[PDB]
Amino acid sequence: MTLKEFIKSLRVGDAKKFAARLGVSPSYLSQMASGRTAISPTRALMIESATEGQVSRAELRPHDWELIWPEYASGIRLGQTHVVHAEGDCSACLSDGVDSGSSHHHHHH
């Protein structure tokens with residue numbers, strides 16, 4: 001689940017308590033839900049601990065959690081996560097982060 005959907009389920013008063021879990025403002029809490037803000041590695045953990053049933057650090061950042069908590073992710077890759085089959089296999093794929101065409105070099109002698 002996500003904060004946007006999770007919060008949506010929550011009531012205005014109830015959501016306030018949730019923001020308390022992260023120790024953040026009610027408006028800010030919704031910023032990450034919208035995606036108009038930046039979520040720190042520590043903050044991602046807060047939400048996961050805040051609900052521990054709907055929104056998890058992986059849900060907030062399915063692509064970066066593998067970078068922020070690779071030691072943990074390494075454990076599930078080993079094959080110990082045979083309890084349940086969860087999407088992933090990010091390591092299997094690799095997306096280039098640089099444009100080869102943009103790169104250029106020239107020299108004489």
# chains A, B, ... in the order shown; residues from 1 in each chain; ligands from 1
call {"tool": "residues_around", "arguments": {"residues": "residue A:65", "least_positions_apart": "4", "cutoff": "12 Å", "atoms": "only C-alpha atoms", "output": "count of residues only"}}
result
22
call {"tool": "select_by_dssp", "arguments": {"residues": "chain A", "states": "helix (DSSP H, G or I)", "output": "ChimeraX atom specification"}}
result
/A:3-9,12-22,26-34,41-51,57-60,65-68,70-80
call {"tool": "atom_distance", "arguments": {"atom1": "atom CA of residue A:89", "atom2": "atom CA of residue A:102"}}
result
29.5 Å
call {"tool": "closest_residue", "arguments": {"among": "A:68, A:63, A:15, A:76", "to": "residue A:95", "atoms": "only C-alpha atoms"}}
result
A:63
call {"tool": "closest_atom_pairs", "arguments": {"of": "stretch 44-86 of chain A", "to": "stretch 20-36 of chain A", "cutoff": "8 Å", "atoms": "only C-alpha atoms", "output": "Markdown table"}}
result
| residue | atom | partner | partner_atom | distance |
| --- | --- | --- | --- | --- |
| A:46 | CA | A:22 | CA | 5.5 |
| A:47 | CA | A:22 | CA | 6.7 |
| A:50 | CA | A:21 | CA | 5.7 |
call {"tool": "atom_distance", "arguments": {"atom1": "atom CA of residue A:19", "atom2": "atom CA of residue A:38"}}
result
15.6 Å
call {"tool": "closest_residue", "arguments": {"among": "A:77, A:49, A:93, A:62", "to": "residue A:18", "atoms": "only C-alpha atoms"}}
result
A:49
call {"tool": "decode", "arguments": {"residues": "stretch 9-29 of chain A", "atoms": "N, CA, C and O atoms", "output": "PDB file, in the first residue's frame"}}
result
ATOM      1  N   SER A   9      -7.788   6.165   3.476  1.00  0.00           N
ATOM      2  CA  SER A   9      -8.605   5.300   4.315  1.00  0.00           C
ATOM      3  C   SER A   9      -8.822   5.953   5.678  1.00  0.00           C
ATOM      4  O   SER A   9      -9.917   5.891   6.240  1.00  0.00           O
ATOM      5  N   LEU A  10      -7.758   6.580   6.197  1.00  0.00           N
ATOM      6  CA  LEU A  10      -7.811   7.247   7.491  1.00  0.00           C
ATOM      7  C   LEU A  10      -8.718   8.465   7.461  1.00  0.00           C
ATOM      8  O   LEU A  10      -8.918   9.092   6.419  1.00  0.00           O
ATOM      9  N   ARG A  11      -9.218   8.807   8.642  1.00  0.00           N
ATOM     10  CA  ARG A  11     -10.066   9.975   8.819  1.00  0.00           C
ATOM     11  C   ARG A  11      -9.169  11.182   9.076  1.00  0.00           C
ATOM     12  O   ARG A  11      -7.982  11.012   9.364  1.00  0.00           O
ATOM     13  N   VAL A  12      -9.717  12.389   8.955  1.00  0.00           N
ATOM     14  CA  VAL A  12      -8.921  13.600   9.165  1.00  0.00           C
ATOM     15  C   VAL A  12      -8.242  13.577  10.547  1.00  0.00           C
ATOM     16  O   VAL A  12      -7.038  13.830  10.649  1.00  0.00           O
ATOM     17  N   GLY A  13      -9.014  13.266  11.593  1.00  0.00           N
ATOM     18  CA  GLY A  13      -8.472  13.202  12.952  1.00  0.00           C
ATOM     19  C   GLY A  13      -7.478  12.052  13.108  1.00  0.00           C
ATOM     20  O   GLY A  13      -6.429  12.206  13.739  1.00  0.00           O
ATOM     21  N   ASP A  14      -7.830  10.898  12.536  1.00  0.00           N
ATOM     22  CA  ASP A  14      -6.987   9.702  12.612  1.00  0.00           C
ATOM     23  C   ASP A  14      -5.641   9.912  11.930  1.00  0.00           C
ATOM     24  O   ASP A  14      -4.603   9.470  12.432  1.00  0.00           O
ATOM     25  N   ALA A  15      -5.673  10.584  10.784  1.00  0.00           N
ATOM     26  CA  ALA A  15      -4.461  10.859  10.014  1.00  0.00           C
ATOM     27  C   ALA A  15      -3.483  11.693  10.831  1.00  0.00           C
ATOM     28  O   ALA A  15      -2.266  11.524  10.717  1.00  0.00           O
ATOM     29  N   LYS A  16      -4.029  12.593  11.651  1.00  0.00           N
ATOM     30  CA  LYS A  16      -3.215  13.458  12.488  1.00  0.00           C
ATOM     31  C   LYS A  16      -2.314  12.611  13.380  1.00  0.00           C
ATOM     32  O   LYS A  16      -1.120  12.894  13.520  1.00  0.00           O
ATOM     33  N   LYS A  17      -2.899  11.569  13.970  1.00  0.00           N
ATOM     34  CA  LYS A  17      -2.152  10.673  14.841  1.00  0.00           C
ATOM     35  C   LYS A  17      -1.036   9.988  14.056  1.00  0.00           C
ATOM     36  O   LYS A  17       0.067   9.794  14.574  1.00  0.00           O
ATOM     37  N   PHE A  18      -1.337   9.620  12.804  1.00  0.00           N
ATOM     38  CA  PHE A  18      -0.364   8.951  11.948  1.00  0.00           C
ATOM     39  C   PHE A  18       0.860   9.839  11.739  1.00  0.00           C
ATOM     40  O   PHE A  18       1.994   9.380  11.880  1.00  0.00           O
ATOM     41  N   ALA A  19       0.620  11.112  11.419  1.00  0.00           N
ATOM     42  CA  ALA A  19       1.713  12.063  11.214  1.00  0.00           C
ATOM     43  C   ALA A  19       2.575  12.124  12.473  1.00  0.00           C
ATOM     44  O   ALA A  19       3.794  12.298  12.398  1.00  0.00           O
ATOM     45  N   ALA A  20       1.923  11.946  13.622  1.00  0.00           N
ATOM     46  CA  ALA A  20       2.606  11.941  14.906  1.00  0.00           C
ATOM     47  C   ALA A  20       3.652  10.828  14.940  1.00  0.00           C
ATOM     48  O   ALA A  20       4.710  10.989  15.554  1.00  0.00           O
ATOM     49  N   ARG A  21       3.347   9.694  14.287  1.00  0.00           N
ATOM     50  CA  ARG A  21       4.272   8.562  14.266  1.00  0.00           C
ATOM     51  C   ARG A  21       5.594   8.979  13.652  1.00  0.00           C
ATOM     52  O   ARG A  21       6.664   8.586  14.124  1.00  0.00           O
ATOM     53  N   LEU A  22       5.500   9.778  12.603  1.00  0.00           N
ATOM     54  CA  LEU A  22       6.690  10.270  11.904  1.00  0.00           C
ATOM     55  C   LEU A  22       7.161  11.593  12.518  1.00  0.00           C
ATOM     56  O   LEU A  22       8.214  12.109  12.138  1.00  0.00           O
ATOM     57  N   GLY A  23       6.373  12.146  13.454  1.00  0.00           N
ATOM     58  CA  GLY A  23       6.727  13.413  14.089  1.00  0.00           C
ATOM     59  C   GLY A  23       6.771  14.540  13.056  1.00  0.00           C
ATOM     60  O   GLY A  23       7.613  15.436  13.148  1.00  0.00           O
ATOM     61  N   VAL A  24       5.871  14.478  12.062  1.00  0.00           N
ATOM     62  CA  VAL A  24       5.832  15.495  11.001  1.00  0.00           C
ATOM     63  C   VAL A  24       4.485  16.213  10.978  1.00  0.00           C
ATOM     64  O   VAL A  24       3.514  15.754  11.585  1.00  0.00           O
ATOM     65  N   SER A  25       4.445  17.343  10.268  1.00  0.00           N
ATOM     66  CA  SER A  25       3.221  18.134  10.159  1.00  0.00           C
ATOM     67  C   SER A  25       2.178  17.376   9.329  1.00  0.00           C
ATOM     68  O   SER A  25       2.553  16.524   8.518  1.00  0.00           O
ATOM     69  N   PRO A  26       0.885  17.651   9.505  1.00  0.00           N
ATOM     70  CA  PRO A  26      -0.184  16.942   8.733  1.00  0.00           C
ATOM     71  C   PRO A  26      -0.080  17.212   7.236  1.00  0.00           C
ATOM     72  O   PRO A  26      -0.358  16.326   6.422  1.00  0.00           O
ATOM     73  N   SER A  27       0.332  18.433   6.881  1.00  0.00           N
ATOM     74  CA  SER A  27       0.482  18.801   5.473  1.00  0.00           C
ATOM     75  C   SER A  27       1.666  18.067   4.855  1.00  0.00           C
ATOM     76  O   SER A  27       1.565  17.529   3.755  1.00  0.00           O
ATOM     77  N   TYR A  28       2.778  18.043   5.593  1.00  0.00           N
ATOM     78  CA  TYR A  28       4.002  17.375   5.153  1.00  0.00           C
ATOM     79  C   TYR A  28       3.741  15.886   4.938  1.00  0.00           C
ATOM     80  O   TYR A  28       4.152  15.312   3.928  1.00  0.00           O
ATOM     81  N   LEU A  29       3.061  15.274   5.901  1.00  0.00           N
ATOM     82  CA  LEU A  29       2.739  13.851   5.837  1.00  0.00           C
ATOM     83  C   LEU A  29       2.157  13.491   4.468  1.00  0.00           C
ATOM     84  O   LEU A  29       2.508  12.462   3.884  1.00  0.00           O
TER      85      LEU A  29
END
